[PDB]
Each structure stands twice: as structure tokens, then as C-alpha cells.
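Student: Sending over a structure as C-alpha cells; questions will come in a sec.
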2 protein chains.
Amino acid sequence: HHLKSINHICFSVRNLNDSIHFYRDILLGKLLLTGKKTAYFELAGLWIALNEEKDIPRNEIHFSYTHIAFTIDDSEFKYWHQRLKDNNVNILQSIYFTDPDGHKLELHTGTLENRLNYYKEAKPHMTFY
Amino acid sequence: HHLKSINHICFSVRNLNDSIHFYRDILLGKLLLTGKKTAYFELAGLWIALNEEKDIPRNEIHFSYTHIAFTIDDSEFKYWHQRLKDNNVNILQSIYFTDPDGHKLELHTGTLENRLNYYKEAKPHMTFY
């Protein structure tokens, strides 16, 4: 009875047109649908839905407790770093960054297996299953 | 130069042992690693990382602006509905629910293609690309 796969992710965003430029132009996703308050993309093989909420407060911290990471090839690290820098993206191996609203994103060059093997050497008092 | 795939998701959680029971026992994910403040799972083919933050306020609304949906087969809908109900999960075709902390999750039985075709009939004034 297991869950089969990730199906989609939805993000609330304050300005649809800023978020379409981010996900479509900067991150090279495919725009598939728009409405007044909605946009769907396919990005990295994943359906991403954006829901526009123009009243999310800009003077408060939100989006603190989740991050989403996408895979890139190690050889593409400098290309992506430079692409995000040249697009004035908020940047915090991995590249940590935010979308225009503050949703926390990451580009990462390794696998879960790579990370487990790293921790078995670096953090050997963790418990491995 | 495209992003290749989703790599992982990380959630902050207030109690690791409550969240391991949710993701491992209720959602049938695989526990791969633990530390004092960390747990890694593979769930639905996706690496999920949990980071324990015991001080996330319990008396405030958080996690409002993201949701993550997983695919199930249509025939499994009543099995999952009943499994979440029998485990006293907060439940809000799709099943909408939250983890123990309030991260918003969904089980969904359709594809992006199915949803686009639905909107072309139901919401024909959207723009399709």
C-alpha cells in the first residue's frame, strides 16, 4: 500500500508575474497553465503549482520551516551560481537561495546514498538503518 | 542546463519521535538515519529530511504557504482515508491533511495531464500552454 511518488508541490506567492519569471526564466521550468491567481509549471519533472495571495505580509518572516532541493550535476554548479547571481536572486555541494517571496530552495549535486556515506565518515555517532 | 529532478525536502518538526511515527508508521516511509535532531527517510522514492526545532511556537499559525502532494492509486483512496482517520491524523480526488506539526500534505489520485484536461472542460477561460 505505499505512496507511489511525489505528485506536485504548491507554493503561495504574492505576485504571479514575478514568480513566473523566476520559475520559468531563471529556473528554466515549463509554463503549462495560467489563471488570474494560478500558474502551473513542470520543473525538474515535477508539477509545481503557484497560488497568488497578494496579501501575504511582506514585513514578517514566513516560509521558515520547509526547504525544497533540486538536483544538478556537479559540473553545473558554477553555471547555476552565476545564473542566480546575475539575476539578483537572494543566495544564502549546495547553493541555498529563495524565490521572490522567500520560499527556501536549494540546488544540490549529490544523492541520498552519497550523503549517508558522508555521514558515516563525518558524523559516525549518528544511527544508520 | 535544466534542473534534473527533485533531490529532497526538509521539514522542521517539534518532536522527532512523533514525526518518525508519522512518516515511518503512518505513511509507510523507510527510516534511513537518525541523530539527536535529525531523521532521514525515503518516502514515495523521495529523500525527506526532518530537522528537530523544539521551540517552533505551538500557539501561532505556521506552514501556511506550502503543500506537498503524493500520488496514490484511485483504488487506494478509501484505504488511506481510513488509515489516516484511524491514526487520528488531522484531515482537512484528494485527501488533505497535516503532519503532527502542521505541514500541509495531500494524497492525490491524478496526474498533471489529468488536471490540465479537467481544467480545459471546467475552467475554460484559463490559458493553456
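Numbers here mean position along the shown chain, with the first residue as 1.
Method on record in the header is X-ray crystallography, 1.4 Å.
Using the three backbone atoms N, Cα and C, a Cβ is placed for every residue, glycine included.
So Swiss-Prot lists the following for this protein:
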type	residues	note
ACT_SITE	A:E106	active site, proton donor/acceptor
BINDING	A:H8, A:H67, A:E106	Mg(2+) binding site
Student: Would you mind listing, in sequence order, the residues at least six apart from A:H67 (Mg(2+) binding site) in the same chain with a Cβ closer than 8 Å to its Cβ?
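Tutor: When sequence neighbours closer than 6 are ignored, A:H67 (Mg(2+) binding site) has A:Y96, A:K104, A:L105, A:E106 within Cβ distance under 8 Å.
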Student: Take A:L92 and A:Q93, the residues on either side of 10 unmodelled positions, and give their C-alpha distance in whole angstrom.
Tutor: 13
Student: Other Cβ atoms within 10 Å is the metric here; tell me which of the recorded positions A:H8, A:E106 scores highest.
Tutor: A:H8
